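File shown: target_24.txt (compact mmCIF, C-alpha atoms and all ligand atoms).
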```txt
# COMPACT_ATOMS: atom_id res chain seq x y z
CA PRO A 2 57.29 2.99 -123.43
CA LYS A 3 59.46 5.30 -125.48
CA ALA A 4 62.28 3.76 -127.63
CA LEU A 5 64.88 5.88 -129.52
CA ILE A 6 66.50 4.35 -132.62
CA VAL A 7 69.59 6.12 -134.04
CA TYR A 8 71.52 4.79 -137.06
CA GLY A 9 74.51 5.66 -139.19
CA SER A 10 73.90 4.09 -142.67
CA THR A 11 75.55 5.07 -145.98
CA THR A 12 73.87 2.78 -148.61
CA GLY A 13 70.71 2.47 -146.52
CA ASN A 14 70.95 -1.10 -145.27
CA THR A 15 71.19 -0.34 -141.53
CA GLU A 16 68.60 2.38 -142.08
CA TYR A 17 66.44 -0.32 -143.63
CA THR A 18 67.23 -2.50 -140.66
CA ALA A 19 66.34 0.32 -138.20
CA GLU A 20 63.05 0.97 -139.91
CA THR A 21 62.04 -2.69 -139.62
CA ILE A 22 63.07 -2.67 -135.95
CA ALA A 23 61.11 0.65 -135.51
CA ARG A 24 58.03 -0.97 -136.96
CA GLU A 25 58.25 -4.07 -134.80
CA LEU A 26 58.55 -2.04 -131.61
CA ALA A 27 55.76 0.33 -132.71
CA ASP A 28 53.49 -2.64 -133.44
CA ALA A 29 54.04 -3.70 -129.85
CA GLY A 30 52.76 -0.45 -128.31
CA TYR A 31 55.96 1.59 -128.14
CA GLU A 32 56.41 5.23 -129.18
CA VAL A 33 59.36 5.03 -131.57
CA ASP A 34 61.54 7.95 -132.44
CA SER A 35 63.87 6.92 -135.29
CA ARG A 36 66.69 9.23 -136.20
CA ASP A 37 69.59 9.27 -138.58
CA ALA A 38 72.83 9.89 -136.69
CA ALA A 39 73.70 12.73 -139.01
CA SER A 40 70.80 14.78 -137.61
CA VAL A 41 71.39 14.20 -133.84
CA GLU A 42 73.38 15.93 -131.04
CA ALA A 43 75.09 13.69 -128.44
CA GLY A 44 74.55 15.95 -125.28
CA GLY A 45 71.54 14.40 -123.46
CA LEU A 46 70.33 12.37 -126.49
CA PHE A 47 69.13 9.42 -124.44
CA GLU A 48 67.23 11.60 -121.89
CA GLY A 49 63.66 10.28 -121.61
CA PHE A 50 63.70 6.96 -123.39
CA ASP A 51 63.27 3.55 -121.65
CA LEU A 52 65.03 1.75 -124.52
CA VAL A 53 67.85 3.07 -126.86
CA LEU A 54 68.69 1.07 -130.02
CA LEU A 55 71.92 2.11 -131.70
CA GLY A 56 72.55 1.24 -135.35
CA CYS A 57 75.81 1.47 -137.30
CA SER A 58 77.63 0.03 -140.33
CA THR A 59 81.33 -0.70 -140.66
CA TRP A 60 83.80 0.81 -143.19
CA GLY A 61 87.61 0.58 -142.98
CA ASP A 62 89.76 -2.56 -143.20
CA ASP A 63 92.80 -3.23 -141.07
CA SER A 64 91.07 -1.55 -138.12
CA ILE A 65 87.45 -0.95 -137.07
CA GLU A 66 86.02 2.08 -138.84
CA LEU A 67 82.59 3.45 -138.16
CA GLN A 68 80.12 5.05 -140.61
CA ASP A 69 81.01 8.67 -140.82
CA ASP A 70 77.68 10.13 -139.54
CA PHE A 71 77.88 7.99 -136.40
CA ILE A 72 81.49 9.05 -135.53
CA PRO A 73 80.76 12.35 -133.62
CA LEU A 74 78.00 10.51 -131.75
CA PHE A 75 80.45 7.73 -130.77
CA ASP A 76 83.12 10.26 -129.79
CA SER A 77 80.66 11.87 -127.34
CA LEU A 78 78.88 8.77 -126.15
CA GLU A 79 79.84 9.77 -122.54
CA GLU A 80 77.42 12.75 -122.89
CA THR A 81 74.31 10.92 -123.93
CA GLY A 82 72.97 9.50 -120.69
CA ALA A 83 73.83 5.87 -121.24
CA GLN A 84 74.50 5.20 -117.53
CA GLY A 85 71.77 2.74 -116.47
CA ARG A 86 70.11 2.98 -119.93
CA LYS A 87 68.61 -0.17 -121.37
CA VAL A 88 70.52 -0.42 -124.63
CA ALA A 89 71.03 -2.78 -127.58
CA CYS A 90 73.13 -2.46 -130.77
CA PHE A 91 72.83 -3.46 -134.45
CA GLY A 92 74.63 -3.03 -137.73
CA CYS A 93 75.07 -4.40 -141.27
CA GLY A 94 78.35 -5.44 -142.87
CA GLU A 95 80.24 -8.23 -144.69
CA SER A 96 81.87 -11.27 -143.00
CA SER A 97 84.92 -11.25 -145.36
CA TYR A 98 86.21 -8.25 -143.57
CA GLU A 99 88.55 -9.00 -140.64
CA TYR A 100 86.22 -7.04 -138.41
CA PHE A 101 82.73 -8.34 -139.22
CA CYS A 102 80.23 -5.71 -137.94
CA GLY A 103 83.14 -4.18 -135.97
CA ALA A 104 81.25 -0.95 -135.31
CA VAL A 105 78.63 -2.99 -133.43
CA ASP A 106 81.44 -4.30 -131.25
CA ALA A 107 83.02 -0.90 -130.62
CA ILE A 108 79.66 0.62 -129.62
CA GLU A 109 78.57 -2.15 -127.32
CA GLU A 110 82.09 -1.95 -125.88
CA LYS A 111 81.96 1.80 -125.26
CA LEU A 112 78.44 1.45 -123.81
CA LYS A 113 79.26 -1.36 -121.34
CA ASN A 114 82.15 0.79 -120.13
CA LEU A 115 79.79 3.80 -119.58
CA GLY A 116 77.46 1.72 -117.42
CA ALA A 117 74.68 0.88 -119.85
CA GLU A 118 72.49 -2.18 -119.58
CA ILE A 119 73.02 -4.02 -122.84
CA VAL A 120 69.74 -5.89 -123.02
CA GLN A 121 70.75 -8.22 -125.83
CA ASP A 122 73.79 -9.17 -127.91
CA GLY A 123 74.08 -6.91 -130.98
CA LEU A 124 72.50 -7.83 -134.37
CA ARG A 125 75.21 -8.29 -136.95
CA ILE A 126 73.68 -8.42 -140.48
CA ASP A 127 75.96 -9.87 -143.18
CA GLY A 128 75.13 -8.72 -146.73
CA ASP A 129 71.56 -7.78 -147.75
CA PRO A 130 69.28 -6.96 -144.82
CA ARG A 131 66.21 -7.64 -146.92
CA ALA A 132 67.45 -11.27 -147.09
CA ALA A 133 67.56 -11.35 -143.25
CA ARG A 134 64.23 -9.74 -142.38
CA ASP A 135 63.22 -12.63 -140.09
CA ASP A 136 66.46 -12.17 -138.17
CA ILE A 137 65.86 -8.44 -137.68
CA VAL A 138 62.26 -8.99 -136.62
CA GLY A 139 63.16 -11.85 -134.38
CA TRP A 140 65.88 -9.79 -132.79
CA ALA A 141 63.50 -6.89 -132.18
CA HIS A 142 60.98 -9.30 -130.59
CA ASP A 143 63.73 -10.49 -128.25
CA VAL A 144 64.91 -7.00 -127.25
CA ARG A 145 61.29 -5.96 -126.38
CA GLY A 146 60.86 -9.14 -124.24
CA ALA A 147 64.07 -8.51 -122.19
CA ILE A 148 63.29 -4.92 -121.21
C1 LIG B 201 85.66 0.00 -148.13
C2 LIG B 201 84.79 -0.84 -147.35
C3 LIG B 201 85.09 -1.34 -146.09
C4 LIG B 201 84.16 -2.20 -145.43
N1 LIG B 201 84.60 -2.69 -144.17
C5 LIG B 201 83.72 -3.56 -143.55
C6 LIG B 201 84.11 -4.18 -142.27
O1 LIG B 201 85.39 -3.63 -142.06
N2 LIG B 201 83.29 -5.01 -141.60
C7 LIG B 201 82.07 -5.37 -142.03
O2 LIG B 201 81.32 -6.25 -141.34
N3 LIG B 201 81.81 -4.84 -143.23
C8 LIG B 201 82.51 -3.95 -144.00
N4 LIG B 201 82.00 -3.39 -145.25
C9 LIG B 201 80.74 -3.86 -145.53
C10 LIG B 201 79.72 -2.73 -145.58
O3 LIG B 201 79.52 -2.15 -144.28
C11 LIG B 201 78.35 -3.30 -146.03
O4 LIG B 201 78.09 -2.81 -147.34
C12 LIG B 201 77.23 -2.94 -145.18
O5 LIG B 201 75.93 -3.45 -145.57
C13 LIG B 201 76.87 -1.54 -145.44
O6 LIG B 201 75.64 -1.59 -144.68
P1 LIG B 201 74.69 -0.27 -144.83
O7 LIG B 201 73.75 0.03 -146.32
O8 LIG B 201 73.56 -0.26 -143.59
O9 LIG B 201 75.45 1.17 -144.75
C14 LIG B 201 82.89 -2.57 -145.95
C15 LIG B 201 82.62 -1.99 -147.22
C16 LIG B 201 83.54 -1.16 -147.91
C17 LIG B 201 83.31 -0.52 -149.19
```
What is this structure when it is put down as structure tokens?
Amino acid sequence: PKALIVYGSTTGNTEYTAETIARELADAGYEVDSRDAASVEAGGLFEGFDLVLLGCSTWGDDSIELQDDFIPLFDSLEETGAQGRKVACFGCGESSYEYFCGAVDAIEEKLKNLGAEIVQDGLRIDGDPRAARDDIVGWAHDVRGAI
């Protein structure tokens, strides 16, 4: 199959997390197209993939704020082709914030509402992603299995 990973990451944690997910999926036979959000265009971005993995980190405080490069992508999520698309969502952040991995919640939320098939609950990394490598890998293994 073809899986599309797109991530918004500012200190490279979620990017690190995407790359490990990309590797797991590619080890299991998939063709994996991994792309930073800052380099993509929403209009038809999911066209042709069987699996779309979205990746974002959380900024902000009192309300949910998304990583700046992911914002135009989230604002045009209706134009990507999410309808019927097997999807799953991930993101790094810090549990001391009110909204722990809040962006993960706002994307899964917008997706569900656009008719996507959320194949697994999002992966919410707290702190250093390198300390949670088993979790990322395990979560990739589980998304592959469900689709
Ligand atoms: C100003 C500020 C606001 C933040 N807000 C949140 C938050 O609201 N929720 C959350 O889970 N983490 C929050 N974080 C945690 C960061 O997202 C955390 O560093 C995360 O790993 C960054 O992941 P990344 O290298 O993939 O970009 C915040 C950090 C800063 C500086």
Per-residue nearest contacts of chain A to ligand LIG 201 (chain B) (8 Å; only C-alpha atoms and all ligand atoms) as a tab-separated table:
```
residue	atom	partner	partner_atom	distance
A:9	CA	B:LIG201	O9	7.2
A:10	CA	B:LIG201	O9	3.9
A:11	CA	B:LIG201	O9	4.1
A:12	CA	B:LIG201	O7	3.6
A:13	CA	B:LIG201	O7	3.9
A:14	CA	B:LIG201	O7	3.2
A:15	CA	B:LIG201	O8	3.1
A:16	CA	B:LIG201	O8	5.8
A:17	CA	B:LIG201	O8	7.1
A:18	CA	B:LIG201	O8	7.3
A:57	CA	B:LIG201	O8	6.9
A:58	CA	B:LIG201	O3	4.9
A:59	CA	B:LIG201	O3	4.3
A:60	CA	B:LIG201	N1	3.7
A:61	CA	B:LIG201	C3	4.4
A:62	CA	B:LIG201	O1	4.6
A:63	CA	B:LIG201	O1	7.5
A:64	CA	B:LIG201	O1	7.2
A:65	CA	B:LIG201	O1	6.0
A:66	CA	B:LIG201	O1	6.6
A:68	CA	B:LIG201	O9	7.3
A:92	CA	B:LIG201	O8	6.6
A:93	CA	B:LIG201	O6	4.5
A:94	CA	B:LIG201	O2	3.4
A:95	CA	B:LIG201	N3	4.0
A:96	CA	B:LIG201	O2	5.3
A:97	CA	B:LIG201	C7	7.3
A:98	CA	B:LIG201	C6	4.8
A:99	CA	B:LIG201	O1	6.4
A:100	CA	B:LIG201	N2	4.8
A:101	CA	B:LIG201	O2	3.3
A:102	CA	B:LIG201	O2	3.6
A:103	CA	B:LIG201	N2	5.7
A:104	CA	B:LIG201	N2	7.8
A:125	CA	B:LIG201	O2	7.8
A:126	CA	B:LIG201	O5	7.5
A:127	CA	B:LIG201	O2	6.7
A:128	CA	B:LIG201	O5	5.5
A:129	CA	B:LIG201	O5	6.5
A:130	CA	B:LIG201	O5	7.6
```
Do you know which residues are at most 7 Å from stretch 79-88 of chain A counting all atoms listed in the file, after dropping those on the same chain fewer than 2 positions away, and could you put them as a list in words?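 So the residues in contact are residues 43, 44, 45, 46, 47, 48, 51, 52, 53, 54, 77, 90, 112, 115, 116, 117, 118, 119 and 120 of chain A.
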Show me as a PyMOL selection string the residues that reach within 12 Å of (59.3, -3.5, -129.0), counting all atoms listed in the file and using the file's own coordinates. chain A and resi 2-6+21-33+51-54+89+137-148
Between atom CA of residue A:69 and atom CA of residue A:50, what is the spacing in Å?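 Value for the atom CA of residue A:50-atom CA of residue A:69 distance: 24.6 Å.
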Please, what distance in Å, to one decimal, runs between atom CA of residue A:71 and atom CA of residue A:39?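 According to the coordinates, atom CA of residue A:71 and atom CA of residue A:39 are separated by 6.8 Å.
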In Å to one decimal, how far is atom CA of residue A:113 from atom CA of residue A:73?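 About the pair atom CA of residue A:73 and atom CA of residue A:113: they are 18.5 Å apart.
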Just need the box for stretch 97-103 of chain A, edges along x, y and z, holding every atom the file lists for it with 4 Å tacked onto each side, so centre and edge lengths in Å to one decimal, as AutoDock Vina command-line options.
```
--center_x 84.4 --center_y -7.7 --center_z -140.7 --size_x 16.3 --size_y 15.1 --size_z 17.4
```
